[PDB]
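Undergrad: Take a look at the following structure, please.
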Amino acid sequence: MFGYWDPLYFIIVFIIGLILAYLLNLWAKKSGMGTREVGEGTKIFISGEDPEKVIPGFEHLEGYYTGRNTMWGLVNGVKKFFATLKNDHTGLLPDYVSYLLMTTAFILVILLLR
Amino acid sequence: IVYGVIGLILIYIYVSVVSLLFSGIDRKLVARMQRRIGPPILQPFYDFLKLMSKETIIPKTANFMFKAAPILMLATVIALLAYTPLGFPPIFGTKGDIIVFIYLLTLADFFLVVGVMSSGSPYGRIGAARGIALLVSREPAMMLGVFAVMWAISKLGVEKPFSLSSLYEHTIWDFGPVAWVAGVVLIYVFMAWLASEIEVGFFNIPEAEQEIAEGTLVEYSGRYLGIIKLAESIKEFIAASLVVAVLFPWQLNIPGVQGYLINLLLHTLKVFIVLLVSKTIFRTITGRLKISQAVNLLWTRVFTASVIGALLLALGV
Amino acid sequence: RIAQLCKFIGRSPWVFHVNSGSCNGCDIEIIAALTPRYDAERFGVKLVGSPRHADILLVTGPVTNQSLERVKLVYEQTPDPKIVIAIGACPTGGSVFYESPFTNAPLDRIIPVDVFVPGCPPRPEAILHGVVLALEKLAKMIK
Amino acid sequence: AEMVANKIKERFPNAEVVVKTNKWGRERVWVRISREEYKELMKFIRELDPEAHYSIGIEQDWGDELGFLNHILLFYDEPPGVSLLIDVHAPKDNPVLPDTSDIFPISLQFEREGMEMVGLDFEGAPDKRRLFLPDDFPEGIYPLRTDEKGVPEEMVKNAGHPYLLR
Amino acid sequence: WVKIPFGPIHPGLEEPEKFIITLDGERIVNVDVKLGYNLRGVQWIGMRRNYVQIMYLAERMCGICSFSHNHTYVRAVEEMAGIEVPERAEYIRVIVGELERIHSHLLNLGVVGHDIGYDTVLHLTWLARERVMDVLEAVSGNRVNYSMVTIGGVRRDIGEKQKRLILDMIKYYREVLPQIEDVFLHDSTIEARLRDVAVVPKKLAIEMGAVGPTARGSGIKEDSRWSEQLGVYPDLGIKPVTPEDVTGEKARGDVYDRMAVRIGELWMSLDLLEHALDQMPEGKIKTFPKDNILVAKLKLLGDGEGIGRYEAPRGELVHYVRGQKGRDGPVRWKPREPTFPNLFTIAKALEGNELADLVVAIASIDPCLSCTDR
Amino acid sequence: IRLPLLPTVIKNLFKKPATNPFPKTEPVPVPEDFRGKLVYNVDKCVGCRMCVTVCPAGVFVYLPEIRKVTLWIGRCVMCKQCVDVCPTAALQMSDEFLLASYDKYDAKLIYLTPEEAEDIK
Ligand code: NFU
Ligand code: SF4
Ligand code: SF4
Ligand code: SF4
């Protein structure tokens, strides 16, 4: 698509970028203090690992990567699409057999005419 | 090939000097607009050094991506500098090289969200699912405009089609009377994209507001914070350079080995004039909005105008 | 242990104030020391939103029993060189609340304070005077 | 106005109705009730006039004759206005008293403070959980109680003078 | 469901509390409130101090409304023991309180403009507050927590220089109030961020006893400066306020009507201070002077009940004082703050709206916690 | 679509900053009867114990065998009730307000030190 040797320059500029960006930490670790390891998250400092005065944390989140609604007229059609397709896959053996039988008949009927 | 390394080092040092200085002038103007002396001009060159000074803190629940995403963010910005129009045609510009630009301008924000979300406490988990909704919501609005203008400047003749070095040959402003309307509809959609990419104004959502003022970057503390505050300023310069490249490139001819730097200064001045409206005025004049209202605006009053502009400009050729 | 590249934090301090049971008299003076009449951003101060960033804590209020671990918890998370400035006449031993079963007074017996500013409440010029005095102590401490 | 004293008087005998005026032209009516008549009067105030808001939920301690008092206010459609005051008492031998959180739905919020400060366990209110007193704190150590269980004497910290340490 | 707290130590807030919320991803399915972080034990210290020392422990109970707690306590002690107050003392009281509620409303107007972005409205209203700040510093003492009311009367009179010094800030604010009138009506941000959030019906506004501008915003006309004739308030003109006069004729109290009410009260106060400044006599201010014989009288006054009510800048507060003879100070003292039912009322008006609606809903009614968890 | 602050901001940029530089200029001047650091004298002190009755925030501790009293002013709240009840007038209010310090127990914040207490005796 692009060039003939052009996907080989991309690696060159990417590696020289990583060399500069890692050299900067290699400099800045020397001048200045070191590190340490604390844990509370700096996140609502009242509690880190406690039990009960009122209810508290540890109600962890699942995979919810949607917090928005466009025109709020597409989510209903998407759910009505996924519902039928989700409960098509029953799991009974005559479904398997009937599917391959009607596929064979479909290809035969088309190939006879044209 | 080795003459493509000297440019990638020297232009990097140039842009890393200039961008922070533009940020300092911006904070001075915003301070004078509300009766204040404000900080001195080269104020970010002290904040950068004191953030490199301190002691970095790693939480006890942290992956190998907590210490390695603010390297890959700066790496895919430095590697993006080689494909951008600095006024002269870029160094590695071949027949493709628009989708490489869109891909690497998308990919830095995903590294930022993966670096924030790969930590412990769930302030980062809520401050990341708000990030990627706004990332998905603002990049069908620029793809239509840029693909329509790159297709339309290829009718009258060029040898490297769909490439950013082809955007200095012929512009929008010589297609006749109907293109003068697509010019202002396209000025609208590009100013809206430029305000929503660097995230200031209405769209100041995932930066200094996690339920009050916690932010997305509530956790990075030492060197890492200094590197992220540098990388976002370089990206601020890059996106506005794209906006002034598409809209009006009017450079001098001036042959010689020193017309390059004169055209470089003229492009830097046009970058300053385009930031001065958008970032400064639109930050001073309007507060935040929301997240559920920032999504239904980019699919209704920005993406619609891109379709109107692209269709009307298609009916000019 | 303080090594060398820290003269710059004397020209760019970032603050973060820790309320522990005040009556909101000095919190106005923290906020009103940044409005256009008593302006402070020209030194470089900048109200930050998390204790990972800041390097000057700005503790007010008498230490109320319920907020006693929180003050000892937010002291680790601020990184190195940092100071502590106690503002008012109730980190310095209570004012009218020295005789309660709930307020364990002066803030020195909890964490190592550096500069005290008396008054009830102090005028905002006294806070600027206090931060200048503490910052020149830490400039002395570098050399 | 000044006629509500007579209206509560002629309806409910064996109660202590009195009117007090003090020094700038303001009058307040005071009444002291037994138990069952207290619940019936809190029923009767809500039917005497459509919904009237009430201010405070004071409890206190007079010895082994614990009390409770309220400041219901009504007829505020005109700038004269009127405001009544009720109080009831209870023995320490049986610290119970009927709740009124069916008529005025905010009295639970003063009742929780009443439980946790000074004794006085009410009727089966829907919530008996405490508020603004810490959980890492002893049980029967009622702070505003006068002399029975004043908290200890020995957890009163002073943060004393510098002259007394030299 | 995810369980996250709100945090005692935040950015944005000036007081520590815990508002625990159960959030369904982005909505709110339940919110409850716990408090007790400012619990300094105010009744317990106040149980063993004498009468004079509680007059100063009462005004440091909160910072913004520091004149109201100093006012109603004196009203309660005078209603208990029985002490007359002259005319000049009452005129100075209604000058000082009505002058300080402007200070209480402008910083509220600035803080609500801070949580929706908008640093500009913050810096400009907090620049406009400084004339009232210099007036109060000139007449009394320090800027906040100023004390000038004793058991007898006031502690210093204004004279004639302060008349000149006060009659200029009125003229200064008459050129400022139309600008914040005109910005507030039509903005692209204010009407898109604080409209149609936390709607409060009149049934729950009456049955949970909401008091201040949270009450009369949705519509219930009542005011303790009006509903009881107090002081010199009836014969200088006093009315309640309604968002119908400021903003057309709407009545849907959500957040926007409350800001309309807080601007209408500034428009009332600029005239109620103006007319009351020339209608004063000369006389005495300090019923028994030279406050030495007052400390030789604490053994004698007592034996009664007492209750006092007044209009705070955020609602209507009330104190109760019971004392007994042969003693030094009181026997029982209890204050009630106006943001107790307003904090218990909004917890049901937050019936599943948003996540970023939370700060702009909570900071809408002045969550001055320092009087809540006393 | 509606941006009403814009003429205000454009007019506002072409004016003076309207601020007060503190480490170059005198600060904002105080009024006349301004509250400050309480100043104390020893020579006029009859020891009538009236100050300890009226002080809401205990800075005063009476001591017998010489009829004086000490104080620690770092806990004062500036409420004047010791000034207007003292008969002998050895307590005045000053105009100082710049009181930052390093230690709680300085020499400026305490009066009538115990060595001077034995020097009186
Ligand atoms: N307004 C007000 Fe306060 Ni800080 C409350 N609640 C005290 O009156
Ligand atoms: S230091 Fe004084 S003014 Fe400040 S909160 Fe405490 S009592 Fe109030
Ligand atoms: S100041 Fe007054 S009360 Fe105090 S010891 Fe001296 S004379 Fe006595
Ligand atoms: S102002 Fe007066 S009463 Fe208050 S601490 Fe100072 S000397 Fe004592």
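Within each chain, counting starts at residue 1; across the structure tokens, chains are named A, B, ... in the order shown, with ligands numbered 1 upward in that order.
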Quick one: pick out all alpha helix (DSSP H) residues within range 163-303 of chain E from a backbone DSSP run and write them as a ChimeraX atom specification.
TA: /E:163-166,169-173,177-185,202-207,213-218,243-246,256-275
Undergrad: Specify as a list in words all residues of chain F found within 12 Å of chain B, counting only C-alpha atoms.
TA: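 So the residues of chain F near chain B are residues 1, 2, 3, 4, 5, 6, 7, 8, 9, 10, 11, 12, 13, 14, 15, 16, 17, 18, 19, 20 and 21 of chain F.
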Undergrad: Dump N, CA, C and O atoms for the selected residues as a PDB file, in the first residue's frame?
TA:
ATOM      1  N   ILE F   1     -23.622  29.483  21.624  1.00  0.00           N
ATOM      2  CA  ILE F   1     -24.745  30.130  20.972  1.00  0.00           C
ATOM      3  C   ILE F   1     -25.133  31.384  21.753  1.00  0.00           C
ATOM      4  O   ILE F   1     -25.627  32.351  21.181  1.00  0.00           O
ATOM      5  N   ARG F   2     -24.872  31.389  23.057  1.00  0.00           N
ATOM      6  CA  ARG F   2     -25.087  32.562  23.899  1.00  0.00           C
ATOM      7  C   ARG F   2     -23.867  32.716  24.792  1.00  0.00           C
ATOM      8  O   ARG F   2     -23.694  31.947  25.738  1.00  0.00           O
ATOM      9  N   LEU F   3     -23.025  33.702  24.499  1.00  0.00           N
ATOM     10  CA  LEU F   3     -21.786  33.929  25.241  1.00  0.00           C
ATOM     11  C   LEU F   3     -21.755  35.372  25.726  1.00  0.00           C
ATOM     12  O   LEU F   3     -21.157  36.240  25.080  1.00  0.00           O
ATOM     13  N   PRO F   4     -22.379  35.666  26.870  1.00  0.00           N
ATOM     14  CA  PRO F   4     -22.531  37.067  27.280  1.00  0.00           C
ATOM     15  C   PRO F   4     -21.329  37.655  27.986  1.00  0.00           C
ATOM     16  O   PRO F   4     -21.312  38.870  28.217  1.00  0.00           O
ATOM     17  N   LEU F   5     -20.339  36.856  28.363  1.00  0.00           N
ATOM     18  CA  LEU F   5     -19.197  37.429  29.055  1.00  0.00           C
ATOM     19  C   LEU F   5     -18.188  38.066  28.116  1.00  0.00           C
ATOM     20  O   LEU F   5     -17.265  38.726  28.596  1.00  0.00           O
ATOM     21  N   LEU F   6     -18.349  37.908  26.809  1.00  0.00           N
ATOM     22  CA  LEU F   6     -17.325  38.296  25.844  1.00  0.00           C
ATOM     23  C   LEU F   6     -17.060  39.804  25.732  1.00  0.00           C
ATOM     24  O   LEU F   6     -15.875  40.178  25.703  1.00  0.00           O
ATOM     25  N   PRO F   7     -18.060  40.706  25.689  1.00  0.00           N
ATOM     26  CA  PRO F   7     -17.703  42.136  25.747  1.00  0.00           C
ATOM     27  C   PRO F   7     -17.076  42.546  27.065  1.00  0.00           C
ATOM     28  O   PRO F   7     -16.179  43.400  27.070  1.00  0.00           O
ATOM     29  N   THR F   8     -17.492  41.916  28.169  1.00  0.00           N
ATOM     30  CA  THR F   8     -16.895  42.179  29.475  1.00  0.00           C
ATOM     31  C   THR F   8     -15.422  41.800  29.500  1.00  0.00           C
ATOM     32  O   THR F   8     -14.587  42.577  29.970  1.00  0.00           O
ATOM     33  N   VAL F   9     -15.078  40.639  28.944  1.00  0.00           N
ATOM     34  CA  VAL F   9     -13.691  40.185  28.936  1.00  0.00           C
ATOM     35  C   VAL F   9     -12.831  41.054  28.024  1.00  0.00           C
ATOM     36  O   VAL F   9     -11.707  41.438  28.388  1.00  0.00           O
ATOM     37  N   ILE F  10     -13.354  41.416  26.849  1.00  0.00           N
ATOM     38  CA  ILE F  10     -12.568  42.222  25.917  1.00  0.00           C
ATOM     39  C   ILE F  10     -12.346  43.633  26.463  1.00  0.00           C
ATOM     40  O   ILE F  10     -11.254  44.198  26.320  1.00  0.00           O
ATOM     41  N   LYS F  11     -13.341  44.201  27.151  1.00  0.00           N
ATOM     42  CA  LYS F  11     -13.105  45.467  27.838  1.00  0.00           C
ATOM     43  C   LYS F  11     -12.153  45.302  29.010  1.00  0.00           C
ATOM     44  O   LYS F  11     -11.372  46.211  29.303  1.00  0.00           O
ATOM     45  N   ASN F  12     -12.201  44.150  29.675  1.00  0.00           N
ATOM     46  CA  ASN F  12     -11.446  43.933  30.901  1.00  0.00           C
ATOM     47  C   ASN F  12      -9.965  43.770  30.622  1.00  0.00           C
ATOM     48  O   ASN F  12      -9.139  44.046  31.495  1.00  0.00           O
ATOM     49  N   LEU F  13      -9.609  43.338  29.415  1.00  0.00           N
ATOM     50  CA  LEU F  13      -8.200  43.120  29.114  1.00  0.00           C
ATOM     51  C   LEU F  13      -7.432  44.435  29.009  1.00  0.00           C
ATOM     52  O   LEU F  13      -6.232  44.471  29.294  1.00  0.00           O
ATOM     53  N   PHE F  14      -8.093  45.517  28.608  1.00  0.00           N
ATOM     54  CA  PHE F  14      -7.429  46.811  28.434  1.00  0.00           C
ATOM     55  C   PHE F  14      -7.543  47.707  29.664  1.00  0.00           C
ATOM     56  O   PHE F  14      -7.869  48.884  29.536  1.00  0.00           O
ATOM     57  N   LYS F  15      -7.254  47.192  30.859  1.00  0.00           N
ATOM     58  CA  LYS F  15      -7.310  48.001  32.072  1.00  0.00           C
ATOM     59  C   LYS F  15      -6.179  47.590  33.000  1.00  0.00           C
ATOM     60  O   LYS F  15      -5.335  46.758  32.663  1.00  0.00           O
ATOM     61  N   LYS F  16      -6.173  48.183  34.183  1.00  0.00           N
ATOM     62  CA  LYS F  16      -5.153  47.930  35.184  1.00  0.00           C
ATOM     63  C   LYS F  16      -5.397  46.585  35.866  1.00  0.00           C
ATOM     64  O   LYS F  16      -6.521  46.082  35.871  1.00  0.00           O
ATOM     65  N   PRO F  17      -4.352  45.961  36.424  1.00  0.00           N
ATOM     66  CA  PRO F  17      -4.544  44.636  37.027  1.00  0.00           C
ATOM     67  C   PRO F  17      -5.374  44.645  38.295  1.00  0.00           C
ATOM     68  O   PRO F  17      -5.991  43.620  38.601  1.00  0.00           O
ATOM     69  N   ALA F  18      -5.391  45.760  39.032  1.00  0.00           N
ATOM     70  CA  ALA F  18      -6.146  45.934  40.282  1.00  0.00           C
ATOM     71  C   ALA F  18      -5.778  44.884  41.330  1.00  0.00           C
ATOM     72  O   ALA F  18      -6.609  44.093  41.767  1.00  0.00           O
ATOM     73  N   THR F  19      -4.512  44.894  41.738  1.00  0.00           N
ATOM     74  CA  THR F  19      -4.037  44.005  42.789  1.00  0.00           C
ATOM     75  C   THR F  19      -3.044  44.712  43.703  1.00  0.00           C
ATOM     76  O   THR F  19      -2.868  45.929  43.608  1.00  0.00           O
ATOM     77  N   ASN F  20      -2.396  43.973  44.595  1.00  0.00           N
ATOM     78  CA  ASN F  20      -1.598  44.575  45.663  1.00  0.00           C
ATOM     79  C   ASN F  20      -0.367  43.712  45.888  1.00  0.00           C
ATOM     80  O   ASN F  20      -0.449  42.659  46.536  1.00  0.00           O
ATOM     81  N   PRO F  21       0.798  44.129  45.387  1.00  0.00           N
ATOM     82  CA  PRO F  21       2.005  43.308  45.556  1.00  0.00           C
ATOM     83  C   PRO F  21       2.532  43.394  46.974  1.00  0.00           C
ATOM     84  O   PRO F  21       2.928  44.478  47.400  1.00  0.00           O
TER      85      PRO F  21
END
Undergrad: Pull the closest atom pair for each residue of range 51-76 of chain D that gets at most 9 Å from range 110-120 of chain D, along with the distance in Å to one decimal, counting only C-alpha atoms, ordering rows by chain and then ascending residue number, as CSV.
TA:
residue,atom,partner,partner_atom,distance
D:56,CA,D:110,CA,7.8
D:57,CA,D:110,CA,5.4
D:58,CA,D:110,CA,7.9
D:59,CA,D:114,CA,6.2
D:60,CA,D:118,CA,6.9
D:61,CA,D:118,CA,7.3
D:66,CA,D:120,CA,7.6
D:67,CA,D:120,CA,8.7
Undergrad: Fewer than 5 positions away in the same chain doesn't count, so skip those; otherwise give me all residues within 12 Å of residue 293 in chain B, counting only C-alpha atoms, as a list in words.
TA: residues 67, 68, 69, 70 and 71 of chain A; 133, 134, 137, 202, 203, 205, 288, 298, 299, 300 and 301 of chain B; 189, 192, 193, 354 and 356 of chain E
Undergrad: Compare A:41, A:56, A:34, A:94 by their minimum atom-to-atom distance to chain E, counting only C-alpha atoms, and give me the closest one.
TA: A:56
Undergrad: Quick one: residues within 12 Å of residue 18 in chain C, only C-alpha atoms, excluding same-chain residues fewer than 3 positions away - as a PyMOL selection string?
TA: (chain A and resi 45) or (chain C and resi 15+21-22+24+26-27+30+47-51+54+56-63+67-68+70-75+84-87+91) or (chain E and resi 7-16)
Undergrad: Which residues come within 12 Å of residue 136 in chain C, counting only C-alpha atoms, excluding same-chain residues fewer than 3 positions away, as a PyMOL selection string?
TA: chain C and resi 7+9-11+83+114-115+129-133+139-143
Undergrad: When the cut-off is 6 Å and we count only C-alpha atoms, which residues of chain F are near chain E, given as a ChimeraX atom specification?
TA: /F:2,31,34,56,85
Undergrad: Taking only C-alpha atoms and all ligand atoms into account, report as a JSON list (two decimals) with C-alpha atoms, in the first residue's frame which residues have an atom no farther than 12 Å from an atom of ligand 3.
TA:
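File produced: out_10.json:
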[["chain", "number", "residue", "atom", "x", "y", "z"],
["E", 292, "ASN", "CA", -18.06, 44.99, 85.52],
["F", 38, "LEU", "CA", -2.59, 41.82, 73.23],
["F", 39, "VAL", "CA", 0.11, 43.80, 75.06],
["F", 40, "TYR", "CA", 0.57, 43.41, 78.80],
["F", 41, "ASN", "CA", 2.22, 45.27, 81.66],
["F", 42, "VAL", "CA", 3.33, 44.03, 85.07],
["F", 43, "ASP", "CA", 3.75, 47.25, 87.07],
["F", 44, "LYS", "CA", 0.00, 47.98, 87.28],
["F", 45, "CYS", "CA", -1.47, 44.67, 88.39],
["F", 46, "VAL", "CA", -3.48, 44.45, 91.60],
["F", 47, "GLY", "CA", -4.34, 40.80, 90.97],
["F", 48, "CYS", "CA", -8.10, 40.99, 91.37],
["F", 49, "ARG", "CA", -8.65, 37.72, 89.41],
["F", 50, "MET", "CA", -11.30, 39.23, 87.15],
["F", 51, "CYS", "CA", -9.72, 38.23, 83.84],
["F", 52, "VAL", "CA", -9.91, 34.49, 84.49],
["F", 53, "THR", "CA", -13.66, 34.67, 84.97],
["F", 54, "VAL", "CA", -14.43, 36.21, 81.60],
["F", 55, "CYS", "CA", -11.92, 34.65, 79.18],
["F", 59, "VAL", "CA", -4.61, 31.88, 78.46],
["F", 60, "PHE", "CA", -4.61, 33.05, 82.06],
["F", 61, "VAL", "CA", -3.42, 31.15, 85.11],
["F", 62, "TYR", "CA", -3.48, 32.95, 88.43],
["F", 63, "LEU", "CA", -0.59, 32.32, 90.75],
["F", 64, "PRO", "CA", -0.45, 33.35, 94.41],
["F", 66, "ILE", "CA", 2.90, 37.42, 94.36],
["F", 67, "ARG", "CA", -0.25, 39.01, 93.03],
["F", 68, "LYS", "CA", 0.44, 38.80, 89.28],
["F", 69, "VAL", "CA", -0.69, 36.53, 86.44],
["F", 70, "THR", "CA", 1.00, 34.95, 83.39],
["F", 71, "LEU", "CA", -0.29, 34.36, 79.88],
["F", 81, "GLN", "CA", -13.27, 41.02, 76.99],
["F", 82, "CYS", "CA", -10.13, 41.22, 79.06],
["F", 83, "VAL", "CA", -9.49, 44.81, 78.04],
["F", 84, "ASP", "CA", -12.82, 46.30, 79.05],
["F", 85, "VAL", "CA", -13.11, 44.58, 82.42],
["F", 86, "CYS", "CA", -9.66, 45.27, 83.85],
["F", 87, "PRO", "CA", -9.87, 48.18, 86.31],
["F", 88, "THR", "CA", -6.18, 49.07, 86.35],
["F", 89, "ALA", "CA", -5.73, 49.11, 82.53],
["F", 90, "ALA", "CA", -2.57, 47.09, 82.01],
["F", 91, "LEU", "CA", -4.00, 45.29, 78.97],
["F", 92, "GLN", "CA", -4.09, 47.02, 75.60]]
